[PDB]
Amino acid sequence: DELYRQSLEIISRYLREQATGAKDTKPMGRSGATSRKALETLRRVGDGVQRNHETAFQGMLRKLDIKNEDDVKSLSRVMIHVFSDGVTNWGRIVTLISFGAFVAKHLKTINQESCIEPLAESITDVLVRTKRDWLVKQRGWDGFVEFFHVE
């Protein structure tokens, strides 16, 4: 499943970057040109989203009470409930990933950086299992890049 693979590369990289503050110099895998542009887009847009929703993001994180690996393992069901139904658009997908970044920075703050990859995996799984058809119709990460493109 290539969509999964590409989504996970992008989301994992953005969350790690956000948590550690360091950009990764390594190239991407296949569809790497699009993935690189999608990561650059996430930088701009997702930092904006995290700033705009800081209060709701805080309250959610607080009620989630994330302290270790099993706490992280239990977040998929909340993620699905909040993300599954209703309107789908690129903004909501960016909100999913942006809150992922917010949680990743928390996880680094509490010395639980080892949970960031499973978090990424959980996010990607929920993204692809719930929005597959939609993402394919919108041309995947290419469509994401073009949607948020600023010349």
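The numbering used is simple: start at 1 and walk along the sequence shown. By rigid core we mean the largest C-alpha set that fits within 1.5 Å across both forms.
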With the rigid core as the fit anchor, does 106-114 or 40-48 show bigger C-alpha shifts in 6 other deposited structures of this protein? 106-114
Between 95-103 and 49-57, larger RMS Cα displacement in 6 other deposited structures of this protein after core fit: 49-57
Between 133-141 and 16-24, the record assigns the higher mean Cα B factor to 16-24
When mean C-alpha B-factors in the record are compared for 105-113 and 26-34, the larger belongs to 26-34
Whose CA atom has the top B-factor in the entry, of 64, 93, 120, 126? 64
Quick one: which of 98, 89, 41, 84 has the biggest Cα B-factor according to the entry? 84
Sorting the chain's modelled residues by C-alpha B-factor, tell me whether residue 3 ends up in the lowest, middle or highest third. middle
